[PDB]
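> Under this note's numbering, the first residue of the first sequence carries the number 23, and numbering increases by one thereafter. Here you go, one structure.
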Amino acid sequence: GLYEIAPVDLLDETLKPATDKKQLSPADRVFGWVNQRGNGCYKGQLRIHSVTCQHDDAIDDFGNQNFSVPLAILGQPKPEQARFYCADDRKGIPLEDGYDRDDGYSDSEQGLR
RNA sequence: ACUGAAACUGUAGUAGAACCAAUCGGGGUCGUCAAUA
């Protein structure tokens with residue numbers, strides 16, 4: 023079954039991605055913006071460039087170019103685990119412990135973590 | 001009731017000036033799944 027409320031309704035309109043040039047937040051101004059739900063874009067005021075590795079033997083190959091380490095499983099994030107991803111208010115407090123699972127994503131006055 | 005003749009619609013003139021194919025984005029990461037009896 024479904025939680026009562028969609029996560030987009032638990033995030034404030036002042037925190038959603040910007041949709042107007044008049045509502046560009048600090049990081050939208052510094053790093054730039056393109057409107058995903060309309061017209062509008064801004065070139066970033068910050069540019070990263072000239073990334074130079076200073077060390078030459080910087081890459082560990084673990085003995086041979088044909089060796090590899092198998093990494094631990096990197097699973098998909100599962101926001102449906104409300105106790106981890108839902109907040110008990112808009113200021114980002116965790117859900118209270120002990121409550122029924124139905125109590126995540128339940129109230130408009132709840133929030134995202 | 002005696003055809004005029006002969007005469008290059010040519011000569012000069014740059015389809016061009018201006019305009020960034022561009023703006024935003026870490027190749028990233030964890031909780032189950034399934035519905036009967």
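From the three backbone atoms N, C-alpha and C, an ideal C-beta is built for every residue, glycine too.
Per DSSP, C108 is paired with what?
The residue given as residue 108 occupies position 86 in the first sequence. BP columns for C108 point to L134.
> Between the beta-carbon of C108 and the beta-carbon of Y127, is there less than 7 Å?
Position 86 of the first sequence, counted from the first residue, corresponds to residue 108. Position 105 of the first sequence, counted from the first residue, corresponds to residue 127. Yes, Cβ-Cβ distance for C108 and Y127 is below 7 Å.
> Leaving out five residues before and five after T36 in sequence, what residues of the same chain have Cβ atoms less than 6 Å from its Cβ?
Working through the first sequence from its first residue, we reach residue 36 at position 14. The answer is none, since no qualifying residue turns up.
> Let me confirm a value: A40 is counted as buried when at least 16 other C-beta atoms fall within 10 Å, else exposed. Which label applies?
Sequence index remark: in the first sequence, residue 40 carries index 18 (1-based). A40 is buried by the Cβ-count criterion.
> May I ask you to report which of helix, strand or coil DSSP gives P48?
As a working mapping, residue 48 is identified with position 26 in the first sequence. In this structure, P48 counts as helix in the three-state DSSP scheme.
> Return the Cβ separation of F53 and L33 in integer angstroms, given the expectation that the two are a contact with Cβ distance under 8 Å.
Against the first sequence, residue 53 aligns to sequence position 31. Against the first sequence, residue 33 aligns to sequence position 11. Incorrect: roughly 19 Å between the Cβ atoms, too far for contact.
> Assign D110 to buried or exposed, taking buried as 16 or more other Cβ atoms, counted over all protein chains shown, within 10 Å of its Cβ.
By 1-based counting over the first sequence, the position of residue 110 is 88. When all chains shown are included, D110 counts as buried.
> Label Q132 either buried or exposed according to how many other C-beta atoms from any shown protein chain fall within 10 Å of its C-beta, with 16 as the threshold for buried.
Translated into positions along the first sequence, residue 132 becomes position 110. Per the 10 Å Cβ criterion, buried.
> Sort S130, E102, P116 by Cα distance to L24 and report the nearest one.
By one-based count along the first sequence, residue 24 stands at place 2. If we check each option's Cα against that of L24, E102 comes out closest.
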